[PDB]
Amino acid sequence: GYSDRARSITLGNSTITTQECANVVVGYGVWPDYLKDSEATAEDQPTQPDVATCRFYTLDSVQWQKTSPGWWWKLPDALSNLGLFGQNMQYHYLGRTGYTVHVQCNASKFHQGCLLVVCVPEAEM
Amino acid sequence: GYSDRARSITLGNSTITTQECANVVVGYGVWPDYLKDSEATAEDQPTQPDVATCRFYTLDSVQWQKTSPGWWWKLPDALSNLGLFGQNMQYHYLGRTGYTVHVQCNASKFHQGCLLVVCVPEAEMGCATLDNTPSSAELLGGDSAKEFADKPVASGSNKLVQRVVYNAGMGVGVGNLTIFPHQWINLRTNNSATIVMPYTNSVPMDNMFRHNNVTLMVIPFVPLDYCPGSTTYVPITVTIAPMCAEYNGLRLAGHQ
Amino acid sequence: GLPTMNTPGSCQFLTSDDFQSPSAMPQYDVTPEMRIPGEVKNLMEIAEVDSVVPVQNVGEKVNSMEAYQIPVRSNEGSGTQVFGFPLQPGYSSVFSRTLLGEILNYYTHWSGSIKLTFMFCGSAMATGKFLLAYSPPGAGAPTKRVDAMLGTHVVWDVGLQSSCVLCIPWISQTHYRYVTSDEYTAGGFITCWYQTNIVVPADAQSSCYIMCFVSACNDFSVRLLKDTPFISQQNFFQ
Amino acid sequence: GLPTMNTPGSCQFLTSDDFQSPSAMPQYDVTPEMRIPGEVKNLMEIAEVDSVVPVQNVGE
Amino acid sequence: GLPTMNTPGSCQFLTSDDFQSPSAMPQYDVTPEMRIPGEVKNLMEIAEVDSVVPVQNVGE
Amino acid sequence: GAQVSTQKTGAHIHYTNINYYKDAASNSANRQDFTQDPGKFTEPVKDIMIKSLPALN
Amino acid sequence: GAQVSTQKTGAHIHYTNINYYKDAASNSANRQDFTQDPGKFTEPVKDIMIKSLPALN
Amino acid sequence: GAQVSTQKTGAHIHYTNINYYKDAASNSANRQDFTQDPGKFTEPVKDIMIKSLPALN
Amino acid sequence: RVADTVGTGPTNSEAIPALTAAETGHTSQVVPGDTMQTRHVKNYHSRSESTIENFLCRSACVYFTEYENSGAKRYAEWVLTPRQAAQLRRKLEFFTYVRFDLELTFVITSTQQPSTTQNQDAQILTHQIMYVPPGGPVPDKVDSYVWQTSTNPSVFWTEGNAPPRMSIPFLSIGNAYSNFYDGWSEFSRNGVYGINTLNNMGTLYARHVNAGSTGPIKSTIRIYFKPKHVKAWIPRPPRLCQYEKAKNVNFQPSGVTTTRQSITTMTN
Amino acid sequence: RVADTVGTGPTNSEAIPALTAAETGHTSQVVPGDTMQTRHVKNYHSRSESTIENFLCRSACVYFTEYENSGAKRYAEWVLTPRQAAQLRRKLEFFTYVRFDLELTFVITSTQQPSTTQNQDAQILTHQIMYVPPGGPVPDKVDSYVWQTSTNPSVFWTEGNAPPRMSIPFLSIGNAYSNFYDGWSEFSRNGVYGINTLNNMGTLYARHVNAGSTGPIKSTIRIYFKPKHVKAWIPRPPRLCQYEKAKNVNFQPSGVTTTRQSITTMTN
Amino acid sequence: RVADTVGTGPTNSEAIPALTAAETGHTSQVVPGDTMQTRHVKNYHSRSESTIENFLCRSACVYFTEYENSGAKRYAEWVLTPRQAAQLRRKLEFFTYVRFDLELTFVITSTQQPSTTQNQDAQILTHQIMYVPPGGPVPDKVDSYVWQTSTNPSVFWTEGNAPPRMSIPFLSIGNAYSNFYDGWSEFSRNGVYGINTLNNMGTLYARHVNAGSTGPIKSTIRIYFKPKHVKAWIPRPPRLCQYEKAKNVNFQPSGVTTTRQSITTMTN
Ligand SMILES: CCCCCCCCCCCCCCCC(=O)O
Ligand SMILES: CCCCCCCCCCCCCCCC(=O)O
Ligand SMILES: CCCCCCCCCCCCCCCC(=O)O
């Protein structure tokens, strides 16, 4: 049999494994797909890098202290300088993409705490 | 429903229970059985003691310390003095048997370590003096376990075994011992290790005193550790069950 | 007399030849066969079995059981490296003495994918996350987790199942590689990094060990049988 | 023993001969073939291609 | 001339070999066979017969 | 009683063989016996282990 | 399993061959393979050029 | 007129032989003639002796 | 033929092919399309050189020894034993038990010895090699009666042609040749320990049939084994250490492997 | 069989078979019956000697080297490489990539060296040739253990009979043998440049098994290659210049061709 | 194939397989399952090496003799008789009468003799062997006319190649070769007694056809017999004693066997 805690995610040449995880949250009920012809506007032919751009990029780690207010990341800017994703978004004028965010924090059975992870669309500050 | 960790083994009048165990290792894919007629050589009728010989015999325990090179046991010799198995192998000339080895070590969630359990067929060992071959008192110690060494044994004019551990006494690389049937006891996961070895040999039967078919080696690849306040005495127990044991060539008692 | 003609290559002793010869013992009854467990029919049934890798072959560590241990403790930082070695399954000291390496030495060419299994051997209270990585050649070796994240990597989450697998695939320009050192057929680099940290409670050891096992996948193959450069002798043994 | 007779021309090395010889590497797996442009099957496929002629080969 | 190749083990005299050789006396009429009691076809027809054992082989 | 078999050729022709001696111990080596079964060593466990399943459940 | 083929004779007879070794790399050279295709080199253009036609029209 | 016979092989393949000389005294030795009859020597008595019976009755 | 890679795509599931448990003594059967995206590849490689018959069926020199046409050492003797040469010994010891036919080839070569004797005009030398199974008489001298070979197999070879070669069947009272033996000869658990206990293979003798010349000549014979029709059981780890004697498994302790500079160094 | 001429007659048309345009990189396929009147000829000539298999399948000496039965140079070594002899090298370099089996033939011949040693009466010499693939041990001396050839292919040859000959299969990690390589070994675009980068073929060693005599003897071995089952791709122009080294394509600039007296002279 | 043991159980009956009477000159045909309990065993052993053809068909040296290229002993003669070598004689005498074809093989080897003659440069030696059936002329000298072999079988052999070998059919005026004869040649019961009476086999002569050199050379010829298509009758006990002459059965009295210490000692 299998459990709901264990879950592996494969993308490109990257595999993420977890043995203690909650159910995956899929957006607003929608799975990221490609732009259709009855919804497009730009006439020329687009380029899909696929494996070179759709893979797991890890960022720097931050330390969780006993007095940490919290952190945030502007998703498109965060990867603007990583691999071929940044290069394709640097040589082109228009782009379109969805995301898969995995946040990881491990501690023992004698630690306590609770972190809220939220993907906020159009967070104007 | 049931889990894969729990497993009970019944043999004779002995039952072994475990609640945290890995899958059982069955030899080279073969389950121990009896000798067939198209494969026999000795003409007379053999005697099968069954329940009296095929049961779980427990040996002495050894202590796992923070600096233990490892232990080994010559399987046939280890039980040559226990119950009716020893008596039948003492009154007969030829014998044939497989084994079921269960090694047990329990510790808490705050202990760490890893032990390799390997059943090595025909583990011929070497001597510390290139000139001679080792003694029988050095190779096989009955009613006890034989300890490895962390440093090479000195040479000279003796008959000592080269008990260096990273050479396994056999003059090989120890990390390759996973070519034989094996099982790891990891204190954070495993609790015990079961191995069901069949009869391996190049003849249909053999004398059980002057030849040792297999050998049980227990080596702690990762040392034992804990923090001050937890239990410091951690033993290791070995239980061997003969399987499909038969004997041929009744004679007077003795081994000469 | 049937007229014949001898061609170049007669009365020569090629050690790898296949002929028929008269028997010295004619009409000899051979001992019947019996059933012995563990019959081998190919050398790739042996190389396909795990064996422990001596990653810490540094200094005197080769003369103990410490060569097989990879030390991993609690670090007051993040993204530092655990180990690294090149994908040279028969030439590098990390791999030349394992079952796979030993079998590879008797041959000149190899091909196929590689399995690296890692077992975590801490306490049941220790938790961690690691980032195993393989980088094909063309650049150097990665020197930070931002350079190793860009290759073929797995993120190993430590808990319950204490064993993860990193499969190194076949990414070559040729069908085969060389078992000896050759730049034209360079393999790449294998590294491991801290993903988050090893976290433990009080009264528990903050220093653990990892172990590595190497084996071959179903696509593995070898060619050109040769002599092994390991065994040697000065005079006939007695 | 099948009675035979050797004829003139035995144990000689004619460089343009066509025989069979024992293999030094028995049961060796040869690398598979791939498709390469421009396979040649005759030398007259090359001579049938133009090439520039040095007619003014006079002096320097 | 059928092209051949000699292999290791030619012009050697293995005492336990089994070949054919030219006859020195060609077309020789061999004496006919007669029936003689006690034809042996195996050495184990002889070993299967009793014989007295010298158990008291002590001294003179 | 000639035996015709296939030759070892590349991927992507036959040969003939006759036995001359009455001892089977004089025949040529059995080079083409490509049969492998690694299951005796790689997976010798009593219970089957599905690859895409938790080894311990 | 003998192979009978035709001999190289003049214009304006057969021979027999048997393979003795199980390695295809021991056979005789492939002398009679008279197949030519000069079109890869003499005329490698995209558009066909009729001989009795102006090359440039 | 080749003679195909069976080879001497173990328990638990054929060979071919041709005669080249017109004298039968040149053929190979008759190695495979496994026929035994020990009754001429072991039990040469006039009256049959049943094994499980008193020899003298 | 090796397996062919299956092309896979992106996954998001509760399946865990990577996560396993190595304490069960079981090797993970994970393919590369389990931890990444792959393409369909048609593999054509063969495992035809890894077969035990191909790995072991090659001639190897197991011994060589000398004798002379005059003087003291007039013949040569050698108890048959392959554990004198390191290469074939280390190849066989990969397994615990083996069972094969044998192909013997002998390379006999003579040399003229330095001396002051004059008018030397040598005739062709003929050599005799004789096998004595355990139990038969032995040649105490060079011109003894034992060289009549009434029953003992023997080969007469005249210098100048193809090397002598014979076929030996699997000669063993047991069901397989034991490469290792963990026990003694006597029931008293003392005496000969190890594989020397099962080494009852016979003896090989060699001599010159004629002296050839009036000057000295030394002939060396090299013996070559070649296993055929091989069967093998219970694979073992490789030796690693260097061999010391031919009768036992004695060794000198050696390090696991050779070293490098650090745990992060990509250089030997 | 070559094409047969078609008989033609007088023409007066707007067809232009002679007029073409050579700037298209296309060779004109004009037959003689396009610019003149011809007769019907039945051609019977064959193109059976222009085939690559017939053009390349001929034995050629690619190297020869010497060794002695005494003294310093007791054995000979040679990294296998055909680019030492000019003839076969220039034949192969007609194409960019080739793929063939090989037929090796060895001509070993001995000579007696001048010396003052007396009473020389030599026995037949036996030679050993040994192939070591890249990675295996090498014979540091003449009587070393490596000559046991447990796995390494080797040939024993006694002087006086047919030359030794073997068959080698297409040994390459790639799909074809590259006659030219425009690149380096290192990704840093420095180091070894050219085809020496792909020359990983092994080494060949040769020695005397016995010394034979008490006087000096020098044996020379000549190696002969013979490609079989040839495939070739991408024909190149011929060398024209004279070769200089075996590892690179270096040359000394030479004139296009040899000269004559004027543009109208019909004499060399 | 040997018989297969039948499994038996416990018995209590008036049958008596063990009790017999050996005064009847009959061997008891008791199997082990008659005096104990047994198991069923499938026997696969063969009696294929105990056959008389396999026991006797092996070449054996029956004689060797010398001759020279100069001097007195210029040729060699030998009345054919196998009773000079002990091994084959003792094998045949197992039976009273035999009947077989023969395979003859000759090992001729030359040696240079010590002498003070100089400038010796020998040419290849050719030997002649000639068989004279009883009644024909004999070679009183080396260059006599009898060596023309108009009807007498003979073999010419040049030193350096395969040993000469021929096939002889069963030559006997009787129906079988008698290994023993209890009688005389004359009806007067005096004269030649024993098997020498039936030894009318012919004579074998050997010589050098050319002298080869100007120095001395001694050639030794060794004769090898090999029975084929063997028939045998009336087995006899083995010799036990040591042979003394070739023409009779004379012996020196010897003890039944070798001794031990007591009737209870388990040691030689
Ligand atoms: C005339 C010469 C005949 C020689 C006959 C030799 C017969 C004996 C062969 C010995 C083979 C020993 C094989 C040992 C195998 C092992 O135990 O590893
Ligand atoms: C006992 C001697 C055996 C010798 C085996 C020789 C095997 C190696 C052959 C080398 C062939 C090199 C072909 C080069 C072709 C090219 O690149 O142009
Ligand atoms: C050119 C040489 C020819 C030689 C021909 C030899 C023929 C005579 C053979 C004699 C065989 C004697 C057999 C005796 C058997 C016996 O009585 O035991």
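The record lists cryo-EM as the method behind this PDB entry and 2.95 Å as its resolution.

Novice: Explain the overall build of chain D here, please?
Specialist: Each helix and strand in chain D was counted, giving 0 helices and 1 strand. In terms of overall size, chain D is more extended than a compact globule, its C-alpha atoms giving a radius of gyration of 24 Å where 60 residues would be expected to give roughly 10 Å. Its C-alpha atoms give chain D principal-axis dimensions of about 70 × 40 × 20 Å. Here chain D holds 60 residues, and the buried ones make up 37% of them. Within the structure as shown, chain D displays about 3,400 Å² of accessible surface, and the carbon and sulfur contribution to it stands at 58%.

Novice: I'm lost on the interface of chain C and chain A in this one. Help?
Specialist: When the parts of a complex come together, some accessible area is lost, and that lost area is often taken as the interface size. Between chain C and chain A, the residue contacts involve 27 residues of the former and 25 residues of the latter. Buried surface at the junction of chain C and chain A, both sides included, amounts to about 2,000 Å², of which 49% is carbon and sulfur. Breaking the side of chain C that touches chain A down by element, the ones donating at least two residues are strand 7 (128-135), helix 2 (145-148) and strand 8 (152-158) of chain C. Classifying every residue of the side of chain C that touches chain A by side-chain character gives 13 nonpolar, 11 polar and 3 charged. Looking at chain direction, strand 2 (residues 14-18) of chain A and strand 8 of chain C are connected through 3 bridges and run parallel. Bridge assignment links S14 of chain A to a residue of strand 8 of chain C, and that residue is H153 of chain C.

Novice: Even after reading the chapter, I still don't get the sheet that holds strand 8 (residues 112-121) of chain B, so can you show me in this structure?
Specialist: Sheets are built from strands that pair by backbone hydrogen bonding, the pairs being arranged parallel or antiparallel. Residue and element names in this part refer to chain B. Pairing within the open sheet is antiparallel, and its 5 strands lie in the order 9-6-12-8-10. Each edge of the open sheet carries a strand with a single partner, namely strand 9 (146-147) and strand 10 (182-186). Two elements, strand 8 and strand 10, share 5 bridges in a ladder whose sense is antiparallel. Within strand 10, the residue paired with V118 across the bridge is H182.

Novice: It is not clear to me how the pattern of salt bridges should be interpreted in this structure. Could you clarify?
Specialist: Two side chains with opposite charge may pair up if their charged atoms get near one another. Applying the stated criterion to the full structure yields 33 salt bridges over all chains. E103 of chain J is paired through a salt bridge with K228 of chain J; the nearest N and O atoms lie 3.7 Å apart. Taken together, the positions of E103 of chain J in strand 3 (residues 95-112) and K228 of chain J in strand 10 (residues 227-235) put the pair 125 residues apart, joining distant regions of the chain. Between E103 of chain K and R165 of chain K there is a salt bridge, with its nearest N and O atoms 3.9 Å apart. With a gap of 62 residues between them, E103 of chain K in strand 3 (residues 95-112) and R165 of chain K in strand 6 (residues 165-168) connect regions that are remote in the sequence.

Novice: Could you clarify how one ought to interpret the packing of aromatic side chains in this entry?
Specialist: For any pair of aromatic rings, the description consists of the separation of the ring centres together with the inter-plane angle of the planes. Under the defined criterion, the tally for this structure stands at 53 aromatic pairs over all chains. A ring pair is formed by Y20 of chain F and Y21 of chain F, whose centres lie 6.5 Å apart and whose planes are at 90 degrees; its orientation type is edge-to-face. Members of the aromatic cluster, each reached through a chain of ring pairs, are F83, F85, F95, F118, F130, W156 and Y194 of chain C. Taking the ring centre of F187 of chain I as reference, the NZ or CZ of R210 of chain B above it sits at 4.4 Å. Its end group placed over the ring of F64 of chain I, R222 of chain I keeps NZ or CZ at 4.5 Å from the ring centre.

Novice: What exactly am I supposed to notice about the arrangement of the chains here?
Specialist: Taking contact number as the criterion, the leading pair out of 35 pairs of chains in contact is chains C and I. Chain D makes no contact with chain B, the minimum C-alpha separation between the two being 27 Å.

Novice: Could you clarify how one ought to interpret the side chain of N248 of chain I in this entry?
Specialist: Within the element layout of this structure, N248 of chain I appears in the segment after strand 11 (227-235). On the basis of relative accessibility, which here comes to 11%, the residue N248 of chain I falls in the buried class. Filtering out sequence-adjacent residues up to four positions away, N248 of chain I remains in contact with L130 and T133 of chain B together with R89 of chain I.

Novice: Honestly, the environment of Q69 of chain C in this entry has me stumped. Any pointers?
Specialist: Topologically, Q69 of chain C is positioned in the loop between strand 2 (12-14) and strand 3 (70-73). Sequence separation between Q69 of chain C and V53 of chain C is 16 residues, and the spatial gap between their C-alpha atoms is 8.9 Å. A polar contact is formed between the side chain of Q69 of chain C and the backbone oxygen of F221 of chain B, at a distance of 3.0 Å.

Novice: Would you take a moment to explain the interface of chain I and chain C for this structure?
Specialist: Chain I puts 92 residues into the contact, and the matching count from chain C is 97 residues. Counting every contact that joins chain I to chain C gives 4 salt bridges. One salt bridge connects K231 of chain I with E33 of chain C, and the closest N-O pair in it is separated by 3.1 Å. Sorting the residues of the side of chain I that touches chain C by element identifies helix 1 (52-56), strand 2 (60-68), helix 2 (86-92), strand 4 (95-112), strand 7 (165-168) and strand 11 of chain I as the ones contributing at least two each. Here the side of chain I that touches chain C takes 6 residues from strand 4 of chain I, the largest share from any one element. Of the residues that constitute the side of chain I that touches chain C, the class distribution is 45 nonpolar, 31 polar and 16 charged.

The rules behind these values
Residues numbered from 1 in each chain as written, not as in the entry; some residues may be left out. Chains lettered and ligands numbered in written order. Part of a larger assembly, values for the part shown. Heavy atoms only, no water. Residues with missing side-chain atoms left out of burial classes, pairs and counts. Helix = DSSP H or I, 4+ residues; strand = E, 2+ residues; numbered from the N terminus. Rg over C-alpha atoms; globule rule 2.2 N^0.38 Å. Buried < 20%, exposed > 50% of the residue type's maximum accessible area, 1.4 Å probe, protein only. Areas by Shrake-Rupley, 256 points an atom, 1.4 Å probe, with all protein chains shown as cover. Contact = heavy atoms within 4.5 Å. Buried area = accessible area lost by both parts, 1.4 Å probe. Nonpolar A, V, L, I, M, F, W, Y, C, P; charged D, E, K, R; others polar. Pairing = 2+ DSSP bridges. Salt bridge = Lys/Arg side-chain N within 4 Å of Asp/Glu carboxyl O. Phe/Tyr/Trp six-rings, centres within 6.5 Å; stacked < 30°, edge-to-face > 60°. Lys NZ or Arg CZ within 6 Å of the ring centre and 35° of its normal. Polar contact = N/O pair within 3.5 Å; in protein donor to acceptor, adjacent residues only side chain to side chain.

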